[PDB]
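Report on the following structure.
The numbers here are math on the coordinates, done by the rules we state, and not lab data. Counting neighbours? That spans all protein chains shown, and the Cβs are built from the backbone with ideal geometry, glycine included.
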Amino acid sequence: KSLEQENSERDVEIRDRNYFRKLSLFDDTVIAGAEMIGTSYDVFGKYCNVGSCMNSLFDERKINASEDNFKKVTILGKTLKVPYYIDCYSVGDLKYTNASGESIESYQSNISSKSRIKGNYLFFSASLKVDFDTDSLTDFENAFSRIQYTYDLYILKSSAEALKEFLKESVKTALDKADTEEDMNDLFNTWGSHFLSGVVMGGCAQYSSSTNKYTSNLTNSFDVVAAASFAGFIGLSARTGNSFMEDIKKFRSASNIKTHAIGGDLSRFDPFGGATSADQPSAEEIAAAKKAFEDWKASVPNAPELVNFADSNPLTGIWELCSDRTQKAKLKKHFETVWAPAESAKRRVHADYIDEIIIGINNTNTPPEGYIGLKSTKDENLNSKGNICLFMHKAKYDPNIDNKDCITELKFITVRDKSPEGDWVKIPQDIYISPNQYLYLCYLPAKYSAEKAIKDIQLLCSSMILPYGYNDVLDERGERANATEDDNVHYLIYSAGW
Ligand SMILES: [Ca+2]
Ligand SMILES: [Ca+2]
């Protein structure tokens, strides 16, 4: 399924590259990627990828009508040409663009910030399913990291002002005529909200990981470890001391890692082609990793692709192409206050959370359909005597519907006939089958809260120390209750994942 997605992504990257180039009508002497400038972009799509391009806003017929619309440019000895509204800069350097977050929410905000579009939005959300396993996105124990190592061959930049004289008449009309909120929604939905104004052409290697925060037990910050893991993987320089060697080992054991490459001759070469996941790779293994990377890198100049946003003004609002400053401001305001927040809300991801807890006698410890059983390291009874089992149901957050109530707290009641006050719910089953002892689990339901919702309930089984950031389930006096009645110790613990 991974090789299928890999092939699928490359199919898009190649075919859509060909699509926009063909439609631009630019001849073979025109620098690669020229047609990306002034092409609109789905800001909620993939991170800088031709697949998320929407509509070229320039009039190809007008540009190509005269040789005077082009200027000379020299890249790597090649004498080519470029539409005069574009500024081209040779760079030829390797640079990291990294995104990370200790939760899916923080990760989404971090990658979105790379747009350099002001505000708190969730831009580039379609890249989540490209970079990570879908199920990993909603598992509360994961931290997320996306490492991109880019060979910046050259940068193409333009401005709204420079593109104005070559703008499609259909685009000018749409901008000028967008009156109602629905017109403006339709504008951003149809034409796109932004266009590419600053892009990097060349090649990149991508290395993305979902890492279990609880089992990784890292010394250094997971995002710095991820970058060191990437560098070592492809035979580049990586730290050994300051606990890095052990951190990199732990990181890899605790992570699901996906890789991708764009640009260069990928039919012959692969930046990850000789990659090694060994703790201590040999001289030959490192050399082979480095050789595969260097062979691919050398193929990039003759086969560049769109690979990154430039550092300044990579994406420009389509309203900047308006000739009327009142209309420009109106469209910008609709984006900032209505459309971007509405569209962002639809892409919001939160971890799965516990919405139901049940307890009963179960001889086979088989959960009812849709429910999951309580575990220590493996499946365990809450109370081994009388086969008392706890099962929980998990809900998936969905931005479009009113979400099911979450549970925010757990406690024990050790007396026979007492109901807890307020919104607290007592689970009816007496956990202690002894006739002279009582134990009931109580939970506190509340309207869904991403920060407050319990995500996990676990058993410590005789390993007795309370892990971060979990909580004990306490009786009336505030003490731990041994849930099992045999020659063993069961302590029930829970976490909202902070
Ligand atoms: Ca049951
Ligand atoms: Ca009892």
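With respect to the conditions (1) over 13 Å from residue 354 (Cβ atoms); (2) more than 16 Å from ligand 1 (Cβ to nearest atom), residue 431 falls short on a single one, namely (2). Applying the criterion of at least 1 residues that are out of contact with any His (no Cβ under 8 Å at 6 or more places or on another chain) and among the acidic types (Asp, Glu) to the strands (runs of 3 or more DSSP E) found wholly in the range 414-498 leaves 456-461. Looking across 473, 489, one residue alone is among the β-branched types (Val, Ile, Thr) and under 29 Å from residue 104 (Cβ atoms). It is 473. Test residue 223 against the criterion of being within 22 Å of residue 116 (Cβ to Cβ) and among the acidic types (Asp, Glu), and give yes or no. When the stated conditions are applied, residue 223 passes them.
Residue count for the range 111-135 satisfying the condition of being among the charged types (D, E, K, R), assigned to a helix (DSSP H, G or I) and closer than 14 Å to residue 47 by Cα: 2. Contact annotation: residue pairs with Cβ atoms under 6 Å, 6 or more positions apart or on different chains, pairing a residue in the range 413-437 that is within 12 Å of residue 485 (Cα to Cα) with a partner that is basic (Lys, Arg), are 433/385.
Can you confirm whether residue 465 is within 16 Å of ligand 2 (Cβ to nearest atom), farther than 23 Å from residue 104 by Cα and aliphatic (A, V, I, L, M)? For residue 465, the condition - within 16 Å of ligand 2 (Cβ to nearest atom), farther than 23 Å from residue 104 by Cα and aliphatic (A, V, I, L, M) - is not met. Remark: pairs (first residue in the range 153-164, in a strand (DSSP E or B); second residue surrounded by fewer than 22 Cβ atoms within 10 Å (Cβ to Cβ) and hydroxyl-bearing (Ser, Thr, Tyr); Cβ separation under 6 Å; 6+ apart in sequence or on different chains) = 154/90; 155/89. Scanning the range 96-110 for residues that are surrounded by 15 or more Cβ atoms within 10 Å (Cβ to Cβ) and part of a strand (DSSP E or B) returns 97, 98, 99, 100, 101. Considering the conditions (1) under 26 Å from residue 140 (Cα atoms); (2) within 16 Å of ligand 1 (Cβ to nearest atom); (3) touching a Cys at 6+ places or on another chain (Cβ under 8 Å), residue 369 is excluded by exactly one of them, (3). Only one of the numbered conditions (1) of a type in the set (S, T, N, Q); (2) crowded, with 22+ Cβ neighbours inside 10 Å; (3) more than 24 Å from the chain's Cα centre (by Cα) is violated by residue 49, and that is (3).
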